[PDB]
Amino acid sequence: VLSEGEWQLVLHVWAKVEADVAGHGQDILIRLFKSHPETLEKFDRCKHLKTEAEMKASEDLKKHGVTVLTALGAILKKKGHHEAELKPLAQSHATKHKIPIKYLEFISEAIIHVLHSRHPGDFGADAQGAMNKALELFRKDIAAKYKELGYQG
């Protein structure tokens, strides 16, 4: 469980992300695809992205990144009470997109990299620790739901 202070650090930095959801979403997905290129194979329209500049110019990539950050933001604002928000995400990610927990670890690392790149002054050790605990709780709860739906990935 997170402390109230740890939640407040997570939501403080999240309010910075919300100043430019699209740009943060682009940088997070570009970092994910650069660091772990196998992840580009999870959506057919993304095999066409061969350069960083094409990734930055893709309206499709930018809209995907806003959808990710919008859903994750709503989950983090529930401060752990996120069953109703997490269930549908687990359903689609386990049964349709087939995203393994290791790929949710990859995108978590990219989220931490971008938040520290853009907001170092508001993302020091305590804030990084709080965000890492919040993303750990997200991945733990989503994996339990994956298993309830019969997906062991």
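Residue numbers here begin at 1 and follow the sequence given.
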Would you tell me which stretch averages the higher CA B-factor in the PDB entry, 92-100 or 112-120? 92-100
Can you tell me which of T51, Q128, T67, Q26 has the maximum CA B-factor listed in the PDB entry? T51
Could you tell me which third, lowest, middle or highest, the C-alpha B-factor of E18 occupies within its chain? middle
Quick one: classify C46 as lowest, middle or highest third of the chain based on its Cα B-factor. highest
For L61, return the chain-relative third of its C-alpha B-factor as stated in the PDB record: lowest, middle or highest. middle
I107 CA temperature factor, ranked by third within the chain: lowest
